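*Asks:* quick one: initial chain(s) of a complex, as found there:
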Amino acid sequence: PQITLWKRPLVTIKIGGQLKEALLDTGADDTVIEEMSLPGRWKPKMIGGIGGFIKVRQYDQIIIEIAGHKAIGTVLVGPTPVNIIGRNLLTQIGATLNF
């Protein structure tokens, strides 16, 4: 699709069999999701946003559907205010910015 930006570019994602809402976010290097259970081991990561840095749990090679497109990649889990799909998965679904 071609998504305009008059409203938040919210899509449905599927992770762990559950549907969630998430923001397509070209200003996010990484994908960050609210607290949830994911399988496997995790590694520590600190990410820096507008208000400062937070600690998150990094899960690699997680299967996630984004707006009907399949991706498998790194998902960070932590106290983000909204679920954000960052460039690491936007590139896997073939997203570009166009003007």
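*Replies:* Sure thing, it's come through. Numbers count the residues shown, from 1 in each chain, chains lettered A, B, ... in the order given.
*Asks:* how many neighbouring residues does residue A:92 have?
*Replies:* Taking other C-beta atoms under 10 Å as the criterion, the count of residues near residue A:92 is 16. In this view, the C-beta of every residue, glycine as well, is placed from N, C-alpha and C.
*Asks:* would you confirm that it contacts residue A:73?
*Replies:* Yes. Distance between residue A:92 and residue A:73: 6.0 Å, which falls inside the contact criterion (C-beta atoms under 8 Å).
*Asks:* how near is residue A:61 to residue A:84?
*Replies:* The span separating residue A:61 from residue A:84 equals 19 Å under the rule C-beta to C-beta, to the nearest Å.
*Asks:* for these two, indicate the residue with more neighbours.
*Replies:* In this comparison of residue A:61 against residue A:84, neighbours counted by other C-beta under 10 Å, the higher total goes to residue A:84 at 20 against 9.
*Asks:* what count of nearby residues applies to the closest residue to the more buried one other than its chain neighbours?
*Replies:* Sequence neighbours aside, residue A:25 is the residue nearest to residue A:84 in space, at 4.5 Å (criterion: C-beta to C-beta, 6 or more residues apart in numbering). The burial metric for residue A:25, expressed as a neighbour count using other C-beta under 10 Å, is 19.
*Asks:* kindly incorporate the sequence below as chain B:
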Amino acid sequence: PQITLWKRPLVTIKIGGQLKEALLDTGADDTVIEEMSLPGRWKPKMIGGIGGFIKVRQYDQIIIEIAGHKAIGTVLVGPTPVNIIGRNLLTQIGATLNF
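*Replies:* One more piece, chain B, placed on the ones above:
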């Protein structure tokens, strides 16, 4: 242009007679620029992101040139770690997300 998302979608902007680098950010409702002077009236605002909130100055009806495209809108000025072009101005240059 068509901008891929392998790297940060940074562009050059002109604001307040100054050239700056800024992030084209579909996850940002608002445009947020590092501390600078702008003419006219402003009012305080709090905006929140990962890490929490920062206090900003809200300037309305500011003209910005974004990758050579002129837009006018509200610009928030404050201690953002990155200059961000948010949806309020991305719409005006006709930016879309495509996949």
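*Asks:* now with chain B: the neighbour count of residue A:25?
*Replies:* 24 (other C-beta atoms under 10 Å in any protein chain shown).
*Asks:* with adjacent residues omitted, what lies nearest to residue A:74?
*Replies:* Setting aside the residues directly before and after it, residue A:74 is nearest to residue A:60 in space (C-beta to C-beta, 6 or more residues apart in numbering or on different chains), at 5.0 Å.
*Asks:* parallel or antiparallel, list what pairs with the helix or strand hosting the one you found.
*Replies:* Taking DSSP states H and E as the criterion, residue A:60 maps to strand A:52-66. Here strand A:52-66 has these sheet partners by DSSP bridges: strand A:10-15 (antiparallel), strand A:43-49 (antiparallel), strand A:69-77 (antiparallel).
*Asks:* can you pull the buried residues of the longest one?
*Replies:* Of the residues in strand A:69-77, those buried under the neighbour-count criterion (16 or more other C-beta atoms under 10 Å in any protein chain shown) are A:69, A:71, A:73, A:74, A:75, A:76, A:77.
*Asks:* could you do the first one as well?
*Replies:* Neighbour counts using 16+ other C-beta under 10 Å place A:11, A:13, A:15 of strand A:10-15 among the buried residues.
*Asks:* for the residue nearest to residue A:74, give me its contacts.
*Replies:* With contacts defined as C-beta atoms under 8 Å, 6 or more residues apart in numbering or on different chains, residue A:60 is in contact with A:40, A:43, A:73, A:74.
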